[PDB]
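So the structure is just underneath, and the comments pick up after that.
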Amino acid sequence: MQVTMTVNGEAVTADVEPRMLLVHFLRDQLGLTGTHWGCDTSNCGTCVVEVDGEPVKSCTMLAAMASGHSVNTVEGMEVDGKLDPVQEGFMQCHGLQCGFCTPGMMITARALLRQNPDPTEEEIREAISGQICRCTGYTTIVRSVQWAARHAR
Amino acid sequence: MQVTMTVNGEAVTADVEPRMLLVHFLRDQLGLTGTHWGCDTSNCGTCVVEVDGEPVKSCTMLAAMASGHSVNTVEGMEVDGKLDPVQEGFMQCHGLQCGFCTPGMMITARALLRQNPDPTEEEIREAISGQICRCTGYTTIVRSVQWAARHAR
Amino acid sequence: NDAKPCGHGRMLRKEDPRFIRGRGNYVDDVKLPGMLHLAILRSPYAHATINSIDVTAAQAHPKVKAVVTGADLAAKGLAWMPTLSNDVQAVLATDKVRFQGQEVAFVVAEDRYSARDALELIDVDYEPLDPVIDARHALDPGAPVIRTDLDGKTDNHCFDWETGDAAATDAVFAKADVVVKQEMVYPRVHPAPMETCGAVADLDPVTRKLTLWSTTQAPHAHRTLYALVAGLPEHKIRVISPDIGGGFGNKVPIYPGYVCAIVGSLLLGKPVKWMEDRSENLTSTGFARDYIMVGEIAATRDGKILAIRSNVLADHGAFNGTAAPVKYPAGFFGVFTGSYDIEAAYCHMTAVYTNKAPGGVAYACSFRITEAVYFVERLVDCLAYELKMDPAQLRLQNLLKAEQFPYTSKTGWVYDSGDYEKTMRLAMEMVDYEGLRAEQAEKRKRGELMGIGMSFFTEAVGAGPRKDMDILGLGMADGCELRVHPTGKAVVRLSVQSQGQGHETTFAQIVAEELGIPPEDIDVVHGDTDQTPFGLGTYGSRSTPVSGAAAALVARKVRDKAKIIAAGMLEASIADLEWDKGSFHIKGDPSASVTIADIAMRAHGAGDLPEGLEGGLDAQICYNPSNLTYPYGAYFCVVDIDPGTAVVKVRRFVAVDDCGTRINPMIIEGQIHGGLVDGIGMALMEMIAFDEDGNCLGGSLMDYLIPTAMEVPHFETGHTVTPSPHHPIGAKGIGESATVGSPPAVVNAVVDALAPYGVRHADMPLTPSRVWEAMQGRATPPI
Amino acid sequence: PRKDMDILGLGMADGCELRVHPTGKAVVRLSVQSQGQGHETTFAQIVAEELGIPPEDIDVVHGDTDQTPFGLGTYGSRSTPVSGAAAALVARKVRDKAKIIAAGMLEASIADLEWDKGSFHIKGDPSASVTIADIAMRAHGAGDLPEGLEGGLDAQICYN
Amino acid sequence: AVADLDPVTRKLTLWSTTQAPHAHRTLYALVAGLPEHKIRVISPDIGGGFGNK
Amino acid sequence: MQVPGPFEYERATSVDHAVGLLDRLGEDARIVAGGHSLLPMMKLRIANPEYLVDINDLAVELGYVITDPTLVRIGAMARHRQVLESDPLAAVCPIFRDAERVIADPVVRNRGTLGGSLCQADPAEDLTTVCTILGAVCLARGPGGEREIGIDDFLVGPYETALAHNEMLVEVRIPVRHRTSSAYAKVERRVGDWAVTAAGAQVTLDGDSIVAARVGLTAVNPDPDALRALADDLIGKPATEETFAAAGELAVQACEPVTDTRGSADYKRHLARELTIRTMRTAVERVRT
Ligand SMILES: Cc1cc2nc3c(=O)[nH]c(=O)nc-3n(C[C@H](O)[C@H](O)[C@H](O)COP(=O)(O)OP(=O)(O)OC[C@H]3O[C@@H](n4cnc5c(N)ncnc54)[C@H](O)[C@@H]3O)c2cc1C
Ligand SMILES: Nc1ccn([C@@H]2O[C@H](COP(=O)(O)OP(=O)(O)OC[C@H]3Oc4nc5nc(N)nc(O)c5nc4C(S)=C3S)[C@@H](O)[C@H]2O)c(=O)n1
Ligand SMILES: Nc1ccn([C@@H]2O[C@H](COP(=O)(O)OP(=O)(O)OC[C@H]3Oc4nc5nc(N)nc(O)c5nc4C(S)=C3S)[C@@H](O)[C@H]2O)c(=O)n1
Ligand code: FES
Ligand code: FES
Ligand code: FES
Ligand code: FES
């Protein structure tokens, strides 16, 4: 089937099987390997992407369903050579180690900071509570998000 | 423009500009990088491919012209994991050093051996006289072709 | 050739399986995601001020991603780049174009075709200037000053060089019975590898790591030079020299196109591929030769060569791009005294700038040794002509004797070893010199023109001791790493870069010889600077003298360490261990033996190793040559000249080469044969000619004629083995030997054939027209 | 210790290679494989500490067995005890060689050289100093090196 | 693991989520009989190992 | 590599389709046969046709080499290889085999065509000389219809023929006469190189005298008037060495060679003479065998 959607601000059209999960369409078809997958049960959150401005598990969305929608990934987060404050905060605060969950984590953190300019640690933890990080212990992720929030201010 | 041709026995169809030289369509479009190019004036012969069974300078043929024709390259020479006798002779007789001319040279040598099972050294020289080898001195190429001829016999 | 020796000897090349299948990976094969294509707008003028460059139309091309001019580079400080000779050279022409085909601008576009179209779109306003094309008049008063870029430059003088003793040579000439003076030209020719130069520059925009796939013979040199020139951090530069489709010295320099690909990638954050077309290659990359040499040879009436004097006018192009060691601006031309015992020698060389592409050291010249050898062998044939003595007899009486070695030449070169008479006599027997002379005399009776030409040459290859030889400050010592894997397979990482010379086989053989690991079990790694030790690369036939020596020595280091480990394993004293090609065994008990594979596993294995020993079976070396190697050759060419058309046909070529210990005779044969074809090409047809307006007349393979299989005979080769004493395995370089020695052999053969016309000298190229003009008594140099 | 600890017969000693490029940038090749533990930073820091080359000037290479020395990889928190020790020691080997080269360059006895975080200077005159980058260039450069010394500023170690 | 055994060169390039790429290369040589000098284990960025790899 | 500028491509399904394409497309349309003259020019951007009418599909209809007792007909789409390999042609017009053997290289010969060489009308190239020597009649066809152009008329200037923009060369018709043969000799710096100088000769022998003769010169800028004067002077002469020498002298006078990379003008004149003599002798020996 033909699907058309805006991926990181660029219109894209592709022939996909209806069953193609969005994460696979992004990674494989569009080569946007910043988006990851780590589970079969929509649990890990490593595939979180922005669909119409909202963090979505791309593993739990068909590319066909994303058709007509704007899909934003970690690749689109650095704009005009400038890191989004979430990315810079993650680097500055050691909010990543292996970096696998980072794309999703930063997509979620950017969405949160958009809707909440000054989140609390509890709000940050809740906002990322659907995304597993095995490496960081989440405290540095909270610090990264606070850093991005405070620099955006 | 659309062009359809058989490349190494596989039907291929592609959208090419009319001006696309066959060598570029093979190397760049079809990723058949075995075929080389080394000149602008149809002189070096490193682009020689087999169009309809005859050595042709693919640099002096438009892909659009090859449409409807069978194009064979060095990639197609090894059949069912079995080296063509030209390839084996080139390895056995040191008929190549840098290998750049070798695709064209072996295409020409295979065509010659097809039309002439037992070529003399002069016939080999003449048959490859349109193809420049900077490395070998051509004596090992003649030996390679003799080796392929004698093993094919 | 299908033998499988564990070490030196004939064996199938390990590169062939992939090449014969079209699976080589040459630079133009490199397809990277998002790769853009770079095309360079070249100057149409040999010498013209650039008034202005309009790139608006090219920029407006919908497929063009960037248009860059010399002004844009100068803003980035990359409009100029050092040459290998410590000169500077325009990356893109900024003030003026100093040669036709010189880089003026470049366009990065979506594909190669669109890039070339865009080049057509660029408008450059030139103010043409008088070109300096005739190197003879470059220094004339009022000649246009090419190098106005240089502060205070008022002439086209590049440099003055001299070697030997002027006064000693003058005194010998004053006392000489016979003094023969001959001007001879070594016309500008080109390495012309079948693969043109190219570079895929992928400067990863995030990691900032430059991965530069390049047709470079010296990827490490190039990496270091890029770090120095572009300011890029060297640890973030990975020069990948993939399979190279022939270098022949053409791919030693850093060309402006490589820099332009790097800049394109920097600017666009995308991989940028620049693959030069043949015309760009012929007209802008390194030429070779282009010497005008007045030789004078002083001898006794009996043929004892006493002195040799050389006065060289070297045409170096717009910039001195000669790829030569810093202390040797004229390269190794000092070996112009050749293989002969002479009393004195003096050479003075004037290098001048002309409105032509830079270069000069390329095309298997062994650093101008092609020029020196042609000079001396042509001059010796002139001397024989004058003495009316058989050139073979002349040479044989003047040749250095074996007991004279190590021989310090009159120009300061210390020849390592050689038995010249043995090799020369071998060549004469193989070619049947006297039988050829009888046949030639009979033919002259019949009016047919048969020429027998010969050359005896001493090469000087393997640059070289760092104390003397450095490229832009980089000592010419080669690193080599050897690593025996736990399972006993090995990897040798080289700093040399094959362009077809079979390194992946021969270095496997060197290591196999030292270590007893079969060559098939030795992966030879080269060309990728991220996984190879630093070294100066492959040119000047230095791979075997320098990197080969290093490989042998590192294999021996691994063998010594393996001996320590094996003595531990055999529970024996290190003194009681005998090495047996791959294995250590206790003396008197071969059964108490352990293979290098067992030792490799043990070196990585459990249990303490011998005290003070680190685990693993790795070793490395940086081999600094004590001296060059001096392979030598006795080449005999037989030519027929059609007396009506003056068409020269090379009927025979016997090349007898002595490169010391032979690693791989089949590869050695290939190297010679290729060199013989080069010599025939230079002697007979090859030339990059320029018209009075400065237009390069050899900008294509239509105009630069490279020998086909039909121009060259079935080559015959012999050999003698006179090992280099200072080399760990006694091997000398061979790669350039044939190219060095064959041109004078072919020219001597043509001149000898022209003997009935009273021709003592005719200059290459010996085209039908030029040979016929020589027949008419009107022999003139092409320049 | 390989005498005690081996994985399927592979002694658990780690190789590490250090190579200072002519321009003074370095590459350390590790036998450890990060899965997020920051080796590309920390091993740069270990070498930087020993050699005075800034970590940003040290490329840490790992995970690709075609360009890294043999070692047992990363598990058992061994990367720093084993590969870290190896990296420190190989950096020190490079520093000792560099001291030889620097003593040559300063035309001084090796004893009169003092190491100063990235540079050797004659004791007394800090001004008679040469950096590791200068020494790296010299190690690849023209002119004879000190007698018995091979060029290059590379070292390797198998730390047990 | 992306196993790319180049059919021609016979070189195995094994992109793997391995914490011990050299140990793995040696073990592959021993287990599959592949020549170890023709095995390149590439452990790329690993998304967390924790011993699992 | 140097690559062509953009153009539009058309594949002619017949001679009439090709002629119609040239008529509709106009002056800026060019036929592409083997492309071994056009394509290099376009790659160098010397030639920039808006349209190429590929007539390679006419290689069967127009790729014939037909030898009748009084007429050799060679299709425009005849590959140089076909002309070189035609043993009957070699029996009747050996000049063709002579030139073909020394034209370009075997790979180029596989593609380049007699029609392509002729319409290229390159004075430095050999087939125009061969077809001039043999008194060929080109058969052109355009929207107006089919017509016959004498080879001298067809070759109106350097790179220019009598063919209109909407006309295509279909076949070249070469009269065959008894006791007639021909030869071609070329001097090139290298195999595949264009002639340093080439000469061709077709002679008719009545007993031992010359009944008809034509000498063509390649790459030397022959004067057709002087060449015709030489040919007329050869009439009725014995087929001896003195006649060949006189013809060589006339050929020396019949050309205006230019000193260039291929050789000195004096060498070109010497070659005009020597190759004229060689070709005349070869043609005579071929008549007498
Ligand atoms: C490396 C090389 C070496 C060569 N050496 C020689 C040599 O030594 N001697 C020599 O004589 N030639 C030589 N050639 C030229 C070769 O003979 C010609 O290029 C070739 O014959 C042209 O034929 P073609 O069919 O390829 O022509 P094309 O390139 O297809 O056509 C050439 C011109 O003729 C026109 N044309 C073609 N067919 C027709 C037709 N049927 N009717 C009307 N117009 C037509 C085209 O439109 C174009 O203007 C060489 C070429 C190369 C590439
Ligand atoms: N005693 C010896 C010497 C050499 N060899 C083998 O011969 C080959 C050539 O060795 P060497 O003489 O060291 O020359 P390089 O390898 O340094 O090659 C450079 C040399 O190589 C020449 N020949 C070439 N051949 C090919 N195919 N391509 C080039 O670019 C070439 N460039 C030219 C030029 S120019 C030069 S400098 C190596 O495999 C070597 O092991 C050997 O078996 N025994
Ligand atoms: N004194 C020290 C010790 C260590 N470090 C730094 O801490 C890191 C961890 O070092 P080390 O303790 O040597 O452990 P390894 O690097 O060998 O990591 C292995 C260890 O790492 C652990 N942490 C992990 N963290 C991440 N992100 N991913 C895994 O897979 C991890 N796997 C687990 C498991 S399981 C184990 S075995 C390294 O950057 C090191 O330089 C330091 O700065 N100072
Ligand atoms: S892949 Fe685990 S939540 Fe989507
Ligand atoms: S950084 Fe490794 S899973 Fe979060
Ligand atoms: S690329 Fe040179 S003949 Fe085709
Ligand atoms: S093998 Fe190098 S050009 Fe032929």
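Chains: A, B, ... in order of the structure tokens. Residues: from 1 per chain. Ligands: from 1, in order shown.
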Give the residue list for ligand 5 at 7 Å, counting only C-alpha atoms and all ligand atoms, as a list in words, sorted by chain and then by residue number.
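So, counting only C-alpha atoms and all ligand atoms, the residues near ligand 5 are residues 96, 97, 98, 99, 100, 101, 102, 132, 133, 134, 135 and 136 of chain A; 36 of chain D; 47 and 48 of chain E.
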Would you list the residues that come within 10 Å of ligand 7? Count only C-alpha atoms and all ligand atoms and give the answer as a ChimeraX atom specification.
/B:38,44,46,94-105,131-138,140-141 /C:19,192-195,244-248,499-501,670,674
Define the interface residues of chain C facing chain F as those within 8 Å, counting only C-alpha atoms, and report them as a PDB file with N, CA, C and O atoms, in the first residue's frame.
ATOM      1  N   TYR C 113      26.918  13.464 -14.019  1.00  0.00           N
ATOM      2  CA  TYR C 113      26.469  14.108 -15.248  1.00  0.00           C
ATOM      3  C   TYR C 113      26.040  15.543 -14.985  1.00  0.00           C
ATOM      4  O   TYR C 113      26.451  16.471 -15.694  1.00  0.00           O
ATOM      5  N   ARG C 116      29.066  17.847 -14.352  1.00  0.00           N
ATOM      6  CA  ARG C 116      29.717  18.305 -15.579  1.00  0.00           C
ATOM      7  C   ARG C 116      28.884  19.364 -16.300  1.00  0.00           C
ATOM      8  O   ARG C 116      29.420  20.384 -16.764  1.00  0.00           O
ATOM      9  N   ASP C 117      27.571  19.144 -16.404  1.00  0.00           N
ATOM     10  CA  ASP C 117      26.706  20.177 -16.971  1.00  0.00           C
ATOM     11  C   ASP C 117      26.930  21.509 -16.265  1.00  0.00           C
ATOM     12  O   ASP C 117      27.121  22.558 -16.899  1.00  0.00           O
ATOM     13  N   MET C 275      35.885  11.926  -9.097  1.00  0.00           N
ATOM     14  CA  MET C 275      36.633  11.029  -9.966  1.00  0.00           C
ATOM     15  C   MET C 275      37.058  11.827 -11.187  1.00  0.00           C
ATOM     16  O   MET C 275      36.210  12.297 -11.949  1.00  0.00           O
ATOM     17  N   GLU C 276      38.363  11.998 -11.365  1.00  0.00           N
ATOM     18  CA  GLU C 276      38.850  12.803 -12.474  1.00  0.00           C
ATOM     19  C   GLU C 276      38.663  12.061 -13.792  1.00  0.00           C
ATOM     20  O   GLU C 276      38.781  10.836 -13.860  1.00  0.00           O
ATOM     21  N   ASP C 277      38.339  12.810 -14.839  1.00  0.00           N
ATOM     22  CA  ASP C 277      38.307  12.228 -16.167  1.00  0.00           C
ATOM     23  C   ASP C 277      39.732  12.088 -16.693  1.00  0.00           C
ATOM     24  O   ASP C 277      40.687  12.597 -16.108  1.00  0.00           O
ATOM     25  N   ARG C 278      39.872  11.385 -17.816  1.00  0.00           N
ATOM     26  CA  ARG C 278      41.202  11.138 -18.360  1.00  0.00           C
ATOM     27  C   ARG C 278      41.903  12.435 -18.732  1.00  0.00           C
ATOM     28  O   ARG C 278      43.113  12.566 -18.542  1.00  0.00           O
ATOM     29  N   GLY C 644      61.000   2.697 -45.260  1.00  0.00           N
ATOM     30  CA  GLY C 644      60.159   3.604 -46.013  1.00  0.00           C
ATOM     31  C   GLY C 644      59.314   4.500 -45.134  1.00  0.00           C
ATOM     32  O   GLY C 644      59.246   5.710 -45.352  1.00  0.00           O
ATOM     33  N   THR C 645      58.671   3.913 -44.130  1.00  0.00           N
ATOM     34  CA  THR C 645      57.766   4.639 -43.253  1.00  0.00           C
ATOM     35  C   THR C 645      58.402   5.041 -41.931  1.00  0.00           C
ATOM     36  O   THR C 645      57.781   5.785 -41.168  1.00  0.00           O
ATOM     37  N   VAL C 647      58.591   3.371 -39.401  1.00  0.00           N
ATOM     38  CA  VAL C 647      57.814   2.797 -38.314  1.00  0.00           C
ATOM     39  C   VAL C 647      58.714   1.845 -37.541  1.00  0.00           C
ATOM     40  O   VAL C 647      59.315   0.937 -38.122  1.00  0.00           O
ATOM     41  N   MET C 685      56.427   6.457 -28.513  1.00  0.00           N
ATOM     42  CA  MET C 685      55.170   7.165 -28.866  1.00  0.00           C
ATOM     43  C   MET C 685      54.659   8.132 -27.816  1.00  0.00           C
ATOM     44  O   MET C 685      53.948   9.035 -28.168  1.00  0.00           O
ATOM     45  N   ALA C 689      52.696  16.769 -25.324  1.00  0.00           N
ATOM     46  CA  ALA C 689      53.218  17.905 -26.059  1.00  0.00           C
ATOM     47  C   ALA C 689      52.320  19.114 -25.853  1.00  0.00           C
ATOM     48  O   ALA C 689      51.117  18.985 -25.622  1.00  0.00           O
ATOM     49  N   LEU C 697      48.672  19.245 -25.837  1.00  0.00           N
ATOM     50  CA  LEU C 697      48.338  18.403 -26.974  1.00  0.00           C
ATOM     51  C   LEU C 697      48.187  16.938 -26.597  1.00  0.00           C
ATOM     52  O   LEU C 697      47.803  16.136 -27.451  1.00  0.00           O
ATOM     53  N   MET C 702      43.633   9.666 -27.001  1.00  0.00           N
ATOM     54  CA  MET C 702      43.832   9.811 -28.437  1.00  0.00           C
ATOM     55  C   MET C 702      45.181  10.450 -28.735  1.00  0.00           C
ATOM     56  O   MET C 702      45.849  10.081 -29.704  1.00  0.00           O
ATOM     57  N   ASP C 703      45.593  11.413 -27.912  1.00  0.00           N
ATOM     58  CA  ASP C 703      46.819  12.163 -28.144  1.00  0.00           C
ATOM     59  C   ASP C 703      48.001  11.669 -27.328  1.00  0.00           C
ATOM     60  O   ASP C 703      49.144  11.816 -27.769  1.00  0.00           O
ATOM     61  N   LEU C 705      49.619   8.446 -26.447  1.00  0.00           N
ATOM     62  CA  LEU C 705      49.511   7.097 -26.985  1.00  0.00           C
ATOM     63  C   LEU C 705      50.246   6.135 -26.066  1.00  0.00           C
ATOM     64  O   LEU C 705      51.470   6.207 -25.930  1.00  0.00           O
ATOM     65  N   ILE C 706      49.498   5.241 -25.435  1.00  0.00           N
ATOM     66  CA  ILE C 706      50.054   4.232 -24.543  1.00  0.00           C
ATOM     67  C   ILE C 706      50.156   2.932 -25.328  1.00  0.00           C
ATOM     68  O   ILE C 706      49.234   2.596 -26.079  1.00  0.00           O
ATOM     69  N   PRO C 707      51.247   2.184 -25.200  1.00  0.00           N
ATOM     70  CA  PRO C 707      51.399   0.974 -26.011  1.00  0.00           C
ATOM     71  C   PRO C 707      50.227   0.026 -25.813  1.00  0.00           C
ATOM     72  O   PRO C 707      49.759  -0.194 -24.697  1.00  0.00           O
ATOM     73  N   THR C 708      49.741  -0.519 -26.914  1.00  0.00           N
ATOM     74  CA  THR C 708      48.805  -1.626 -26.837  1.00  0.00           C
ATOM     75  C   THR C 708      49.584  -2.934 -26.850  1.00  0.00           C
ATOM     76  O   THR C 708      50.795  -2.960 -27.058  1.00  0.00           O
ATOM     77  N   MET C 710      49.720  -4.837 -29.128  1.00  0.00           N
ATOM     78  CA  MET C 710      50.283  -4.982 -30.463  1.00  0.00           C
ATOM     79  C   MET C 710      51.606  -4.251 -30.653  1.00  0.00           C
ATOM     80  O   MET C 710      52.325  -4.555 -31.609  1.00  0.00           O
ATOM     81  N   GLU C 711      51.940  -3.290 -29.795  1.00  0.00           N
ATOM     82  CA  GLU C 711      53.184  -2.547 -29.951  1.00  0.00           C
ATOM     83  C   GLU C 711      54.371  -3.222 -29.288  1.00  0.00           C
ATOM     84  O   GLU C 711      55.508  -2.797 -29.507  1.00  0.00           O
ATOM     85  N   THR C 767      58.645   8.443 -32.755  1.00  0.00           N
ATOM     86  CA  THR C 767      57.487   8.257 -33.603  1.00  0.00           C
ATOM     87  C   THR C 767      57.945   8.062 -35.041  1.00  0.00           C
ATOM     88  O   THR C 767      59.099   8.337 -35.376  1.00  0.00           O
ATOM     89  N   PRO C 768      57.070   7.552 -35.905  1.00  0.00           N
ATOM     90  CA  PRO C 768      57.470   7.366 -37.308  1.00  0.00           C
ATOM     91  C   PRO C 768      58.004   8.636 -37.939  1.00  0.00           C
ATOM     92  O   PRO C 768      59.018   8.598 -38.645  1.00  0.00           O
ATOM     93  N   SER C 769      57.361   9.774 -37.667  1.00  0.00           N
ATOM     94  CA  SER C 769      57.801  11.036 -38.248  1.00  0.00           C
ATOM     95  C   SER C 769      59.163  11.445 -37.703  1.00  0.00           C
ATOM     96  O   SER C 769      60.041  11.865 -38.458  1.00  0.00           O
ATOM     97  N   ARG C 770      59.351  11.343 -36.388  1.00  0.00           N
ATOM     98  CA  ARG C 770      60.608  11.776 -35.790  1.00  0.00           C
ATOM     99  C   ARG C 770      61.751  10.851 -36.185  1.00  0.00           C
ATOM    100  O   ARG C 770      62.869  11.310 -36.441  1.00  0.00           O
ATOM    101  N   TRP C 772      61.849   9.177 -39.035  1.00  0.00           N
ATOM    102  CA  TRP C 772      62.119   9.500 -40.429  1.00  0.00           C
ATOM    103  C   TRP C 772      62.927  10.783 -40.547  1.00  0.00           C
ATOM    104  O   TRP C 772      63.857  10.864 -41.354  1.00  0.00           O
ATOM    105  N   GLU C 773      62.589  11.792 -39.746  1.00  0.00           N
ATOM    106  CA  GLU C 773      63.367  13.024 -39.737  1.00  0.00           C
ATOM    107  C   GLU C 773      64.805  12.758 -39.323  1.00  0.00           C
ATOM    108  O   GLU C 773      65.739  13.324 -39.900  1.00  0.00           O
TER     109      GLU C 773
END
Near range 569-585 of chain C, counting only C-alpha atoms, which residues have an atom at most 10 Å away, once you skip same-chain residues fewer than 5 positions from it, shown as a ChimeraX atom specification?
/C:6-7,512-518,559-560,562-564,590-599,602,609-610
Using only C-alpha atoms, determine which residues lie at most 10 Å from range 4-13 of chain E, disregarding the query and same-chain residues fewer than 2 positions distant; provide the list as number ranges by chain.
B: 81; C: 14-18, 21, 23; D: 64-66; E: 1-2, 15-16, 25, 28, 34-42
Go ahead and save the residues from that selection, with N, CA and C atoms, as a CSV table (one decimal), in the first residue's frame.
chain,number,residue,atom,x,y,z
B,81,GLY,N,29.2,-20.4,-9.3
B,81,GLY,CA,30.4,-20.6,-8.5
B,81,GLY,C,31.6,-21.1,-9.2
C,14,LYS,N,47.0,-13.3,-4.0
C,14,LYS,CA,45.8,-13.4,-3.1
C,14,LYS,C,44.8,-12.3,-3.5
C,15,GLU,N,45.2,-11.3,-4.4
C,15,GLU,CA,44.3,-10.3,-4.9
C,15,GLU,C,43.5,-10.8,-6.0
C,16,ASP,N,44.0,-11.8,-6.8
C,16,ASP,CA,43.3,-12.2,-8.0
C,16,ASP,C,41.9,-12.7,-7.8
C,17,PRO,N,41.6,-13.5,-6.8
C,17,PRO,CA,40.2,-14.0,-6.7
C,17,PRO,C,39.2,-12.9,-6.8
C,18,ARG,N,39.4,-11.8,-6.1
C,18,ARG,CA,38.4,-10.7,-6.2
C,18,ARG,C,38.5,-9.9,-7.6
C,21,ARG,N,36.9,-11.4,-10.7
C,21,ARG,CA,35.4,-11.5,-10.5
C,21,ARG,C,34.8,-10.1,-10.6
C,23,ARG,N,35.3,-7.8,-8.5
C,23,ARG,CA,35.1,-7.5,-7.1
C,23,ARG,C,36.2,-6.7,-6.5
D,64,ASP,N,36.1,-3.6,17.0
D,64,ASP,CA,36.4,-4.1,15.7
D,64,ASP,C,37.7,-4.9,15.8
D,65,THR,N,37.6,-6.2,15.7
D,65,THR,CA,38.8,-7.1,15.9
D,65,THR,C,39.8,-7.0,14.8
D,66,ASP,N,39.5,-6.4,13.7
D,66,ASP,CA,40.5,-6.2,12.6
D,66,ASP,C,41.4,-5.1,12.9
E,1,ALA,N,23.2,-10.2,15.2
E,1,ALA,CA,24.4,-10.4,14.4
E,1,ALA,C,24.0,-10.2,12.9
E,2,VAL,N,24.7,-9.4,12.2
E,2,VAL,CA,24.8,-9.3,10.8
E,2,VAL,C,26.0,-10.1,10.3
E,15,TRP,N,29.1,-8.3,12.2
E,15,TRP,CA,28.6,-7.3,13.1
E,15,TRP,C,27.9,-8.0,14.2
E,16,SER,N,28.3,-7.9,15.5
E,16,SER,CA,27.6,-8.6,16.5
E,16,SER,C,27.5,-7.8,17.8
E,25,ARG,N,35.6,-13.9,18.1
E,25,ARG,CA,36.3,-14.2,16.8
E,25,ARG,C,37.1,-15.5,16.9
E,28,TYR,N,34.7,-18.4,17.1
E,28,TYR,CA,34.1,-18.7,15.8
E,28,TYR,C,35.1,-19.5,14.9
E,34,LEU,N,36.3,-21.6,10.6
E,34,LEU,CA,36.7,-20.5,9.7
E,34,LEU,C,38.1,-20.0,10.1
E,35,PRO,N,38.9,-19.6,9.1
E,35,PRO,CA,40.2,-19.0,9.4
E,35,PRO,C,40.1,-17.7,10.2
E,36,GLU,N,40.8,-17.7,11.3
E,36,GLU,CA,40.6,-16.5,12.2
E,36,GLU,C,41.0,-15.2,11.6
E,37,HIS,N,42.0,-15.2,10.8
E,37,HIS,CA,42.5,-14.0,10.0
E,37,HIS,C,41.5,-13.6,9.0
E,38,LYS,N,40.5,-14.5,8.7
E,38,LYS,CA,39.4,-14.1,7.8
E,38,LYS,C,38.1,-13.9,8.5
E,39,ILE,N,38.2,-13.7,9.8
E,39,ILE,CA,37.0,-13.3,10.6
E,39,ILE,C,37.2,-12.0,11.2
E,40,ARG,N,36.4,-11.0,10.9
E,40,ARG,CA,36.4,-9.7,11.4
E,40,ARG,C,35.1,-9.6,12.2
E,41,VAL,N,35.2,-9.7,13.5
E,41,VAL,CA,34.0,-9.5,14.4
E,41,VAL,C,34.0,-8.0,14.6
E,42,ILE,N,32.9,-7.3,14.3
E,42,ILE,CA,32.6,-5.9,14.5
E,42,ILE,C,31.6,-5.8,15.6
At most 10 Å from ligand 4 (only C-alpha atoms and all ligand atoms): residue list as a PyMOL selection string:
chain A and resi 21-24+35-49+56-61+101+104+130-132
Tell me as a PyMOL selection string which residues belonging to chain F come within 9 Å of chain B, counting only C-alpha atoms.
chain F and resi 1-11+34-37+39-41+43-44+52+54+56+104-108+110-111+191-192
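Residues of range 158-197 of chain C that DSSP places in strand (DSSP E), based on the backbone of this structure, are residues 158, 159, 160, 161, 162, 163, 164, 178, 179, 180, 181, 182, 183, 184, 185 and 186 of chain C.
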What do you get as an MDAnalysis selection string if you pick all residues at most 7 Å from ligand 2, counting only C-alpha atoms and all ligand atoms?
(chainID B and resid 97:98 135:136) or (chainID C and resid 246:249 362:366 498:503 505:507 538:545 659:665 667:668 671 674:675 731:736)
